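Have a look at target-v4.pdb below; it lists PDB, C-alpha atoms and all ligand atoms.
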```pdb
ATOM      1  CA  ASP E 452     180.625 177.882 208.029
ATOM      2  CA  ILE E 453     179.449 174.375 208.922
ATOM      3  CA  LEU E 454     175.719 175.073 209.379
ATOM      4  CA  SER E 455     173.582 178.216 209.319
ATOM      5  CA  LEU E 456     169.840 178.944 209.335
ATOM      6  CA  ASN E 457     168.261 182.298 208.487
ATOM      7  CA  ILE E 458     164.574 183.222 208.368
ATOM      8  CA  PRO E 459     164.419 186.355 206.205
ATOM      9  CA  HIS E 460     160.734 187.179 206.603
ATOM     10  CA  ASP E 461     158.300 187.177 209.492
ATOM     11  CA  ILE E 462     154.728 186.089 208.813
ATOM     12  CA  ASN E 463     151.639 188.316 208.864
ATOM     13  CA  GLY E 464     148.403 186.619 207.886
ATOM     14  CA  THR E 465     144.687 186.292 208.302
ATOM     15  CA  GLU E 466     143.394 184.157 211.164
ATOM     16  CA  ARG E 467     143.061 180.457 210.274
ATOM     17  CA  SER E 468     145.142 180.837 207.095
ATOM     18  CA  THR E 469     148.036 178.634 205.991
ATOM     19  CA  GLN E 470     151.286 180.562 205.524
ATOM     20  CA  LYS E 471     154.380 179.149 203.842
ATOM     21  CA  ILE E 472     157.632 179.692 205.756
ATOM     22  CA  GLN E 473     160.827 180.574 203.886
ATOM     23  CA  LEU E 474     163.992 179.083 205.398
ATOM     24  CA  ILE E 475     167.515 179.717 204.079
ATOM     25  CA  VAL E 476     169.906 176.914 205.061
ATOM     26  CA  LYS E 477     173.618 176.593 204.353
ATOM     27  CA  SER E 478     175.051 173.212 205.349
ATOM     28  CA  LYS E 479     178.511 171.825 204.614
ATOM     29  CA  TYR E 480     177.476 168.262 205.527
ATOM     30  CA  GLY E 481     173.857 168.266 204.333
ATOM     31  CA  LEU E 482     170.611 169.279 205.996
ATOM     32  CA  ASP E 483     168.887 166.527 207.966
ATOM     33  CA  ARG E 484     165.873 168.271 209.514
ATOM     34  CA  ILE E 485     164.345 171.366 211.104
ATOM     35  CA  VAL E 486     163.078 171.151 214.702
ATOM     36  CA  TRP E 487     160.466 173.662 215.881
ATOM     37  CA  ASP E 488     159.196 175.067 219.168
ATOM     38  CA  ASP E 489     155.735 176.305 218.156
ATOM     39  CA  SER E 490     154.237 176.187 221.662
ATOM     40  CA  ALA E 491     153.157 179.841 221.409
ATOM     41  CA  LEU E 492     150.962 179.035 218.405
ATOM     42  CA  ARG E 493     149.619 175.875 220.030
ATOM     43  CA  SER E 494     148.404 177.885 223.029
ATOM     44  CA  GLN E 495     145.756 179.243 220.641
ATOM     45  CA  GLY E 496     145.273 176.213 218.387
ATOM     46  CA  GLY E 497     147.721 177.051 215.608
ATOM     47  CA  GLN E 498     150.794 175.083 214.673
ATOM     48  CA  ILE E 499     153.810 174.732 212.432
ATOM     49  CA  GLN E 500     153.740 171.629 210.266
ATOM     50  CA  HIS E 501     155.606 170.149 207.346
ATOM     51  CA  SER E 502     153.943 171.182 204.087
ATOM     52  CA  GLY E 503     153.856 167.540 202.958
ATOM     53  CA  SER E 504     156.435 167.877 200.184
ATOM     54  CA  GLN E 505     159.618 165.788 200.084
ATOM     55  CA  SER E 506     161.845 168.687 201.232
ATOM     56  CA  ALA E 507     163.217 168.647 204.773
ATOM     57  CA  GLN E 508     162.922 172.461 204.942
ATOM     58  CA  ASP E 509     159.345 172.940 203.638
ATOM     59  CA  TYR E 510     157.164 174.113 206.530
ATOM     60  CA  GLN E 511     154.016 176.167 206.935
ATOM     61  CA  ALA E 512     152.189 177.841 209.790
ATOM     62  CA  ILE E 513     148.492 177.284 210.463
ATOM     63  CA  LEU E 514     147.429 180.525 212.112
ATOM     64  CA  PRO E 515     145.046 180.466 215.097
ATOM     65  CA  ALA E 516     141.785 182.353 215.340
ATOM     66  CA  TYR E 517     142.065 186.048 216.102
ATOM     67  CA  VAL E 518     141.819 186.958 219.787
ATOM     68  CA  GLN E 519     139.797 190.115 220.366
ATOM     69  CA  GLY E 520     141.783 192.301 222.734
ATOM     70  CA  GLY E 521     144.641 189.789 222.681
ATOM     71  CA  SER E 522     148.260 189.920 221.614
ATOM     72  CA  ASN E 523     147.865 188.005 218.329
ATOM     73  CA  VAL E 524     151.677 187.863 218.082
ATOM     74  CA  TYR E 525     153.334 184.452 218.360
ATOM     75  CA  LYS E 526     157.084 183.892 218.671
ATOM     76  CA  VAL E 527     158.318 180.470 217.524
ATOM     77  CA  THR E 528     161.810 179.086 216.989
ATOM     78  CA  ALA E 529     163.457 176.770 214.476
ATOM     79  CA  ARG E 530     166.760 174.925 214.679
ATOM     80  CA  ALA E 531     168.345 173.138 211.729
ATOM     81  CA  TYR E 532     170.370 169.943 212.117
ATOM     82  CA  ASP E 533     172.832 168.469 209.621
ATOM     83  CA  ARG E 534     173.537 164.807 208.879
ATOM     84  CA  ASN E 535     176.406 164.791 211.433
ATOM     85  CA  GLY E 536     174.175 166.005 214.265
ATOM     86  CA  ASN E 537     175.404 169.602 214.371
ATOM     87  CA  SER E 538     172.744 172.254 214.752
ATOM     88  CA  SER E 539     172.286 175.884 213.755
ATOM     89  CA  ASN E 540     171.249 178.764 215.950
ATOM     90  CA  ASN E 541     167.683 178.548 217.283
ATOM     91  CA  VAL E 542     166.142 181.194 215.046
ATOM     92  CA  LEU E 543     163.120 183.326 215.861
ATOM     93  CA  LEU E 544     160.108 183.582 213.583
ATOM     94  CA  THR E 545     157.356 186.032 214.554
ATOM     95  CA  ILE E 546     153.812 185.283 213.385
ATOM     96  CA  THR E 547     151.179 188.022 213.617
ATOM     97  CA  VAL E 548     147.498 187.185 213.145
ATOM     98  CA  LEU E 549     145.061 189.681 211.639
ATOM     99  CA  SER E 550     141.297 189.352 211.816
ATOM    100  CA  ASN E 551     139.133 188.430 208.834
ATOM    101  CA  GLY E 552     138.256 192.080 208.298
ATOM    102  CA  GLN E 553     141.844 193.376 208.188
ATOM    103  CA  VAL E 554     144.410 193.594 205.387
ATOM    104  CA  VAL E 555     148.031 192.480 205.591
ATOM    105  CA  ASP E 556     150.595 195.281 205.156
ATOM    106  CA  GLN E 557     147.859 197.950 205.145
ATOM    107  CA  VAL E 558     147.885 201.051 207.351
ATOM    108  CA  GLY E 559     144.305 200.632 208.539
ATOM    109  CA  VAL E 560     141.853 201.208 211.366
ATOM    110  CA  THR E 561     141.757 198.039 213.453
ATOM    111  CA  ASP E 562     139.389 199.159 216.227
ATOM    112  CA  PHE E 563     136.792 201.926 216.534
ATOM    113  CA  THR E 564     135.017 202.050 219.889
ATOM    114  CA  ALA E 565     132.942 204.463 221.949
ATOM    115  CA  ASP E 566     133.271 205.239 225.642
ATOM    116  CA  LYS E 567     129.501 204.853 226.161
ATOM    117  CA  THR E 568     126.712 202.741 224.693
ATOM    118  CA  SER E 569     124.045 205.388 225.305
ATOM    119  CA  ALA E 570     123.752 209.102 225.992
ATOM    120  CA  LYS E 571     121.038 211.664 226.577
ATOM    121  CA  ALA E 572     119.452 213.118 223.438
ATOM    122  CA  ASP E 573     119.960 216.708 224.620
ATOM    123  CA  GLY E 574     122.531 217.769 222.032
ATOM    124  CA  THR E 575     125.000 218.136 224.900
ATOM    125  CA  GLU E 576     126.141 214.775 226.268
ATOM    126  CA  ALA E 577     129.125 213.544 224.264
ATOM    127  CA  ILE E 578     130.005 210.013 223.210
ATOM    128  CA  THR E 579     133.752 209.882 222.549
ATOM    129  CA  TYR E 580     135.104 207.504 219.907
ATOM    130  CA  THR E 581     138.666 206.210 219.628
ATOM    131  CA  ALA E 582     140.095 204.766 216.426
ATOM    132  CA  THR E 583     143.280 202.703 216.535
ATOM    133  CA  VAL E 584     145.405 202.498 213.380
ATOM    134  CA  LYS E 585     147.860 199.628 212.939
ATOM    135  CA  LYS E 586     149.884 197.930 210.218
ATOM    136  CA  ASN E 587     150.327 194.209 210.934
ATOM    137  CA  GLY E 588     149.453 194.808 214.571
ATOM    138  CA  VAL E 589     151.839 197.744 215.097
ATOM    139  CA  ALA E 590     150.304 201.122 215.977
ATOM    140  CA  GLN E 591     150.944 203.861 213.395
ATOM    141  CA  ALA E 592     151.657 207.462 214.427
ATOM    142  CA  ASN E 593     150.470 210.667 212.725
ATOM    143  CA  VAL E 594     148.017 208.976 210.314
ATOM    144  CA  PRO E 595     144.895 210.958 209.282
ATOM    145  CA  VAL E 596     141.637 209.210 210.183
ATOM    146  CA  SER E 597     138.362 210.251 208.535
ATOM    147  CA  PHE E 598     135.131 210.084 210.554
ATOM    148  CA  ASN E 599     131.613 209.875 209.133
ATOM    149  CA  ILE E 600     128.079 209.230 210.378
ATOM    150  CA  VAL E 601     126.826 206.174 208.473
ATOM    151  CA  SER E 602     123.263 206.220 209.783
ATOM    152  CA  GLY E 603     121.200 208.202 212.255
ATOM    153  CA  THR E 604     120.938 211.876 213.185
ATOM    154  CA  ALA E 605     123.846 213.360 215.151
ATOM    155  CA  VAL E 606     126.810 215.743 214.912
ATOM    156  CA  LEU E 607     130.528 214.890 214.907
ATOM    157  CA  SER E 608     133.003 217.267 216.533
ATOM    158  CA  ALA E 609     135.366 216.898 213.554
ATOM    159  CA  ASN E 610     135.587 214.982 210.282
ATOM    160  CA  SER E 611     139.279 214.040 210.564
ATOM    161  CA  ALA E 612     142.040 213.779 213.162
ATOM    162  CA  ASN E 613     145.582 212.435 213.044
ATOM    163  CA  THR E 614     146.646 209.539 215.247
ATOM    164  CA  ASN E 615     148.974 210.225 218.169
ATOM    165  CA  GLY E 616     152.166 208.277 218.948
ATOM    166  CA  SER E 617     150.084 205.335 220.194
ATOM    167  CA  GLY E 618     148.093 205.093 216.957
ATOM    168  CA  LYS E 619     144.913 206.601 218.415
ATOM    169  CA  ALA E 620     142.642 209.353 217.065
ATOM    170  CA  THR E 621     139.446 210.572 218.745
ATOM    171  CA  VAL E 622     136.202 212.377 217.910
ATOM    172  CA  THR E 623     132.999 213.186 219.813
ATOM    173  CA  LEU E 624     129.348 212.638 218.877
ATOM    174  CA  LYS E 625     126.246 214.450 220.181
ATOM    175  CA  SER E 626     122.585 214.374 219.195
ATOM    176  CA  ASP E 627     119.298 216.176 219.877
ATOM    177  CA  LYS E 628     117.201 213.246 218.592
ATOM    178  CA  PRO E 629     116.552 209.836 220.186
ATOM    179  CA  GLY E 630     117.665 206.897 218.088
ATOM    180  CA  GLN E 631     120.592 204.752 217.036
ATOM    181  CA  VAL E 632     123.723 206.167 215.395
ATOM    182  CA  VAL E 633     126.564 204.367 213.590
ATOM    183  CA  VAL E 634     129.867 206.201 213.114
ATOM    184  CA  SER E 635     132.743 204.990 210.929
ATOM    185  CA  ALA E 636     136.499 205.564 210.756
ATOM    186  CA  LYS E 637     138.775 205.221 207.736
ATOM    187  CA  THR E 638     142.362 205.756 206.625
ATOM    188  CA  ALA E 639     143.525 206.486 203.089
ATOM    189  CA  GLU E 640     144.705 202.952 202.216
ATOM    190  CA  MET E 641     141.513 201.187 203.367
ATOM    191  CA  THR E 642     138.985 200.083 200.753
ATOM    192  CA  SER E 643     136.021 200.984 202.999
ATOM    193  CA  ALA E 644     135.471 202.453 206.446
ATOM    194  CA  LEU E 645     135.228 200.478 209.703
ATOM    195  CA  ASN E 646     131.872 200.964 211.459
ATOM    196  CA  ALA E 647     131.703 201.252 215.222
ATOM    197  CA  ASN E 648     128.934 199.453 217.076
ATOM    198  CA  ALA E 649     125.668 201.365 217.163
ATOM    199  CA  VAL E 650     125.053 203.690 220.096
ATOM    200  CA  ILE E 651     121.654 204.956 221.198
ATOM    201  CA  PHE E 652     120.618 208.450 222.284
ATOM    202  CA  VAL E 653     117.805 208.328 224.847
ATOM    203  CA  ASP E 654     115.161 210.805 225.947
ATOM    204  CA  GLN E 655     114.763 211.363 229.680
TER
HETATM  205 BR    BR Z 701     167.941 186.766 208.079
HETATM  206 BR    BR Z 702     140.185 208.122 204.413
HETATM  207 CL    CL Z 703     172.629 179.627 212.406
HETATM  208 CL    CL Z 704     121.317 207.096 228.756
HETATM  209 CL    CL Z 705     146.145 204.441 205.301
HETATM  210 NA    NA Z 706     163.972 187.201 210.541
END
```
Go ahead and render the structure in this file as structure tokens.
Amino acid sequence: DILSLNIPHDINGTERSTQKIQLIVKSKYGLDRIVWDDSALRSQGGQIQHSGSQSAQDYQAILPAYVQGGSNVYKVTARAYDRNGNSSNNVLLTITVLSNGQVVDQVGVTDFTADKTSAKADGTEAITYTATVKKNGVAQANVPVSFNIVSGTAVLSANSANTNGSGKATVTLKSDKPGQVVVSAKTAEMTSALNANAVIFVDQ
């Protein structure tokens, strides 16, 4: 009744982008300032800063670079103060960082990796690929993933599989010919498939 702060929306954005923060303040005596703990962002070189306008509630987040294999989720807090020195609750804002190649709010393949970098070219040894599907960093269950050989000569065990409860779908690759092979994974919302790193089948 005297002073409240609400943050209606968390932030999901591309690494190194600037993201405006929406604050909703109600203050009987008048807002004086917002005070932030952004130490989680600063651990990776991001920050929360005033947008430079004349408004005491106009802030933005500078997102850090994406950390491969990292959390990429940053929890920061804001507290409003009024002109009498009262404060609001210390309110949580969650900032999730996506890599340059990913799309905010999309159900998309974020990772597509193989268990081996090489295999024998005997048409028998299998390289197993795992695709992870997330939306804003959260794994998505039961999503169909389409698999395709982009280049090279090989055979996929299947052309589509649905993700499990951990957001993962798998397929195997075999080849009778030596050479490099690139396999890709895609979900329906993506604009193009995500290529895995090349693997090589070797004669021996
Ligand atoms: Br809220
Ligand atoms: Br697809
Ligand atoms: Cl509050
Ligand atoms: Cl090998
Ligand atoms: Cl999708
Ligand atoms: Na919120």
Check which residues fall inside 7 Å of ligand BR 702 (chain Z) when counting all atoms listed in the file, and print them as a PyMOL selection string.
chain E and resi 596-597+637-639
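Atom CA of residue E:562 is positioned 20.5 Å from atom CA of residue E:625.
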Since I can't run it myself right now, could you work out what the PyMOL selection byres (((chain E and resi 573-577) around 7) and not hetatm) selects here and report it as an MDAnalysis selection string?
chainID E and resid 570:572 578:579 623:627
Can you build me a table of chain E residues sitting at most 7 Å from ligand NA 706 (chain Z), with the closest atom pair per residue and its distance in Å to one decimal, using only C-alpha atoms and all ligand atoms, sorted by chain and residue number, as JSON lines?
```
{"residue": "E:457", "atom": "CA", "partner": "Z:NA706", "partner_atom": "NA", "distance": 6.8}
{"residue": "E:458", "atom": "CA", "partner": "Z:NA706", "partner_atom": "NA", "distance": 4.6}
{"residue": "E:459", "atom": "CA", "partner": "Z:NA706", "partner_atom": "NA", "distance": 4.4}
{"residue": "E:460", "atom": "CA", "partner": "Z:NA706", "partner_atom": "NA", "distance": 5.1}
{"residue": "E:461", "atom": "CA", "partner": "Z:NA706", "partner_atom": "NA", "distance": 5.8}
{"residue": "E:543", "atom": "CA", "partner": "Z:NA706", "partner_atom": "NA", "distance": 6.6}
{"residue": "E:544", "atom": "CA", "partner": "Z:NA706", "partner_atom": "NA", "distance": 6.1}
```
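Proximity of E:524, E:492, E:474, E:542 to ligand CL 703 (chain Z), computed with all atoms listed in the file, is greatest for E:542.
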Can you tell me which residues surround residue E:565 at a distance of at most 12 Å, considering only C-alpha atoms, apart from same-chain residues fewer than 3 positions away, and format the answer as number ranges by chain?
E: 562, 568-570, 577-583, 620-624, 632-636, 646-651
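Atom CA of residue E:594 is found 14.7 Å from atom CA of residue E:644.
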Starting from the displayed file, determine the output of the PyMOL selection byres (((chain E and resi 521) around 12) and not hetatm) and express the residue list as number ranges by chain.
E: 495, 516-520, 522-525, 547-550, 588
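Shortest separation to ligand BR 701 (chain Z) among E:599, E:479, E:540, E:463 occurs at residue E:540, atoms counted being all atoms listed in the file.
With distances restricted to all atoms listed in the file, E:529 is the closest residue to residue E:456 from E:529, E:607, E:590, E:555.
A straight line drawn from atom CA of residue E:557 to atom CA of residue E:586 is 5.5 Å long.
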When the PyMOL selection byres (((chain E and resi 498-509) around 12) and not hetatm) is applied to the file above, which residues end up in the set, as a ChimeraX atom specification?
/E:456-458,462,467-477,481-497,510-516,525-534,544,546
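Shortest separation to ligand CL 703 (chain Z) among E:553, E:539, E:610, E:478 occurs at residue E:539, atoms counted being all atoms listed in the file.
Comparing the minimum interatomic distances between ligand BR 701 (chain Z) and each of E:642, E:556, E:455, E:630, counting only C-alpha atoms and all ligand atoms, we find that E:455 sits nearest.
Nearest residue to ligand CL 704 (chain Z) among E:655, E:465, E:561, E:604 is E:655, counting all atoms listed in the file.
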Just need the box for stretch 452-462 of chain E, edges along x, y and z, holding every atom the file lists for it with 3 Å tacked onto each side, so centre and edge lengths in Å to one decimal, as lines of an AutoDock Vina configuration file.
```
center_x = 167.7
center_y = 180.8
center_z = 207.8
size_x = 31.9
size_y = 18.8
size_z = 9.3
```
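Polymer residues near (113.6, 209.4, 219.3): counting only C-alpha atoms with a cut-off of 8 Å, they are residues 628, 629, 630, 652, 653 and 654 of chain E.
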Which residues are near residue E:617? Cut-off 10 Å, only C-alpha atoms, ignore same chain within fewer than 5 positions. Put them as a PyMOL selection string.
chain E and resi 583-585+589-593
